[PDB]
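Lettering of chains follows the sequences in order, A, B, ..., and the numbering in each one begins at 1.
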There are 2 protein chains.
Amino acid sequence: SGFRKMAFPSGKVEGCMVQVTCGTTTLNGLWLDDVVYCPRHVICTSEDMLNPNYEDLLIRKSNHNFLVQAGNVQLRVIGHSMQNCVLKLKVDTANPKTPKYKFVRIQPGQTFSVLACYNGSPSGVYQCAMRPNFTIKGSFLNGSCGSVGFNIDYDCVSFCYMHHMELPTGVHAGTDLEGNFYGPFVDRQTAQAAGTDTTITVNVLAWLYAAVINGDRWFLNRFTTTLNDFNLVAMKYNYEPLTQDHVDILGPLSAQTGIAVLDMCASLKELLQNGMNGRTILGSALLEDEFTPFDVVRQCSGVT
Amino acid sequence: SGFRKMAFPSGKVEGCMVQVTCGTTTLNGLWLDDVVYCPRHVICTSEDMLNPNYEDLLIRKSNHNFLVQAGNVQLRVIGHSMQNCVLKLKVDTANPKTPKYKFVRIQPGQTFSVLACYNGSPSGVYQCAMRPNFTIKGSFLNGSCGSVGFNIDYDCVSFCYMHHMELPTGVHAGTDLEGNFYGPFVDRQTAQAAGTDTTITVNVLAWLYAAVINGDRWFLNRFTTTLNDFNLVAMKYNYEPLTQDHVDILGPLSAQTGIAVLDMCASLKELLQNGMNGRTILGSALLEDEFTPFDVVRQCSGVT
Ligand SMILES: Cc1ccncc1NC(=O)[C@H]1CCC12CCC2
Ligand SMILES: Cc1ccncc1NC(=O)[C@H]1CCC12CCC2
């Protein structure tokens with residue numbers, strides 16, 4: 001028993017982290033097979049970042065200008081290309097520690113682990129969610145760009161995120177591993193609005209199921225609701241509208257606990273309308289939305 | 001910016017996790033050099049665990065009864081010994097992935113990362129604190145015994161905890177790597193009381209300093225206090241009495257922010273006496289005590 005914000009074991013990703021230097025800028029690279037992936041802003045000086053012309057800036061760089069260092073040893077760059085907002089540096093050596101991997105574009109509301117890195121070195125790992133507004137509330141300082149987000153299915157690492165930017169509001173923005181930004185963001189030092197974020201309803205309900213499984217049951221009530229009634233309340237409290245697809249994914253948790261999904265929504269409704277009244281659920285005094293139904297089933301069953 | 005409950009990169013520890021089977025019981029082992037460390041209750045059947053005589057139970061076991069499997073390959077056991085509550089199995093092969101390591105006994109209030117494992121395989125990593133009552137609020141299911149807690153100083157892994165038991169109250173108990181239990185617990189299926197726990201005051205103050213650094217400043221007030229006045233409030237709210245040693249460790253955070261430690265205590269005092277009034281600090285609606293002053297300085301500076 002017990003329920004923690006658990007990250008995936010970061011070992012397979014640690015073996016891929018490299019340092020990439022271009023001119024005076026240093027950031028993190030992801031070495032998979034004979035390719036190093038990093039944010040294209042590695043080629044910019046702080047002055048360039050105001051309104052960078054990436055095609056022009058890259059034209060002044062050669063393979064020899066990209067210094068790639070894996071731990072202590074140097075990698076030889078034999079090719080460079082820009083794909084959207086990432087640079088792909090072809091190296092002459094395939095990474096011996098390349099795990100089985102996939103590049104996937106996650107949906108908003110999905111979760112992943114971030115291995116925060118500086119100068120090619122990992123400092124820590126944490127589990128976070130991709131916000132409905134495509135930002136992530138991470139922990140990133142100057143030098144963390146190129147750090148990646150991932151999920152792990154047995155031996156396969158699905159890379160889903162690469163860190164690029166910190167918005168003026170302190171929230172984080174980045175791309176998938178093909179250099180496509182999540183959200184409307186651009187890799188430019190300009191004010192950029194993150195749209196209205198919402199709470200991930202299905203994840204809060206999944207976390208309420210994890211609480212029941214672990215013993216926190218005080219929020220369970222004698223009430224039920226409908227998808228229409230619940231969604232009226234969800235809209236009032238800036239929660240994502242719950243759909244039958246969300247109810248279907250909650251199926252296994254509903255089956256294990258014997259608590260119908262609409263009954264759990266009625267508990268969530270009363271918590272949204274009344275608050276916690278000074279109590280906690282799984283050691284939290286607010287409604288947690290960073291555990292998907294899949295994360296809860298995994299942690300509650302022991303999937304390794 | 002941003003502040004997360006960050007765990008250490010678990011790579012060096014993943015390479016040490018093995019599976020240990022004895023009879024019908026399987027749990028996790030820690031392979032360092034030519035020795036495998038695991039909880040001694042691996043030699044017990046569920047019936048034995050009511051009142052086990054470990055010396056007698058171990059006497060019926062030989063090196064060949066301890067099946068140690070590292071991922072897929074089998075390790076040959078050439079020796080076995082009981083040290084307090086752990087078994088030390090001498091194997092004929094030194095682990096090639098043995099990192100630089102130390103065995104340390106942490107103090108209550110200190111934090112560490114846990115690499116949760118099942119059948120020798122890692123499922124996740126999370127950061128937690130050793131409670132003042134020597135329990136940990138972990139996430140552990142049947143099969144997680146032998147999972148370890150650690151800290152990392154550059155390339156050295158300091159092992160501080162091995163999971164052994166889940167108390168009837170759902171909280172966790174375990175030993176240092178010499179088999180010495182933290183707290184009054186015994187590896188026996190008997191009711192055992194975890195003493196009155198308290199909130200780790202210095203860590204809450206460290207977390208208040210991390211909030212100021214990241215922008216959450218609403219809790220800062222025009223007041224100050226004394227160690228005596230603050231400690232009267234701390235006792236009323238079941239907080240650890242703050243000492244000059246705690247104030248001295250908060251020194252670097254006090255210097256960086258320009259907020260005197262006793263001024264931060266006055267903010268904590270008003271939060272303890274008034275609550276949060278529906279607001280949050282670093283995304284939390286309660287006072288977080290699982291970040292030490294060292295954890296905050298590290299995350300806020302980028303120590304890798
Ligand atoms: C200082 C910092 C901290 C964390 N993450 C990111 C940053 N900074 C940035 O995002 C800057 C570096 C060039 C940039 C990309 C858009 C403009
Ligand atoms: C079921 C479980 C889950 C998590 N952690 C631990 C356990 N269980 C135990 O602690 C049992 C197994 C033998 C034991 C040690 C004292 C009696």
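Within the 4.5 Å cutoff, no side-chain heavy atoms of B:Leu30 are placed close to those of B:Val18. Counting heavy atoms from C-beta on, the side chains of B:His163 and B:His172 come closer than 4.5 Å. Between A:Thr175 and A:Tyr161 the shortest side-chain heavy-atom distance does not fall below 4.5 Å. Looking at heavy atoms from C-beta onward, B:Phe159 lies out of side-chain contact with B:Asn151 at the 4.5 angstrom threshold. Residues B:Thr169 and B:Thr135 form no side-chain contact, since every pair of their non-hydrogen atoms from C-beta on lies 4.5 Å or further apart.
Options A:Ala116, A:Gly138, A:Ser284 differ in how many heavy-atom pairs under 4.5 Å they form with chain B, and the most are formed by A:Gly138. Contact tally against chain B (heavy-atom pairs below 4.5 Å) for A:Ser123, A:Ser121, A:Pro9: the top residue is A:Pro9. Counting heavy-atom pairs closer than 4.5 Å to chain A, the top residue among B:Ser139, B:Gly170, B:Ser10, B:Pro122 is B:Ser139. Of the listed residues (A:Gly278, A:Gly124, A:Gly275), the one with the most heavy-atom contacts under 4.5 Å to chain B is A:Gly124.
For A:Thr280, the part sitting under 4.5 Å from any heavy atom of chain B is the side chain, from C-beta outward, and nothing else. Looking at A:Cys128, both its backbone and its side chain come within 4.5 Å of chain B, counting heavy atoms on both sides. For B:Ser113, no part lies near chain A; criterion is any non-hydrogen pair under 4.5 Å. Contacts between A:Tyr118 and chain B at a heavy-atom distance below 4.5 Å involve backbone atoms as well as side-chain atoms. Using a 4.5 Å cut-off between heavy atoms, A:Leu286 contacts chain B through both its backbone and its side chain. Residue A:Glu14 touches chain B through its side chain alone, counting heavy-atom pairs closer than 4.5 Å. Both the backbone and the side chain of A:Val125 come within contact range of chain B, each with at least one heavy atom under 4.5 Å from a heavy atom of that chain.
Residues of residues 140-150 of chain A that come closer than 4.5 Å to chain B, counting heavy atoms only, are A:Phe140, A:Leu141, ordered by residue number.
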Exercise. Which is it for A:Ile281 and A:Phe219 under the side-chain contact (heavy atoms from CB on, under 4.5 Å) test, yes or no, and what are the steps along the way?
Worked result: CA-CA 8 Å; A:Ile281 303 173; A:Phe219 54 82; 3.6 Å; yes
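None of A:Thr21, A:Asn28, A:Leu27 except one satisfies the side chain to side chain contact (heavy atoms under 4.5 Å, CB included) rule with A:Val42; the exception is A:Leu27.
For B:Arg4 and B:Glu288, the salt-bridge test fails: no basic side-chain N is under 4.0 Å from an acidic carboxylate O. Between A:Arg298 and A:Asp153 there is no salt bridge, since no side-chain N of the basic residue sits under 4.0 Å from a carboxylate O of the acidic one. In summary, A:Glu166 and A:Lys137 do not engage in a salt bridge, as defined by a charged side-chain N under 4.0 Å from a carboxylate O.
Aromatic ring pairs are classed by plane angle as parallel below 30°, tilted from 30° to 60° and perpendicular above 60°; the pair A:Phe181 and A:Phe185 is perpendicular.
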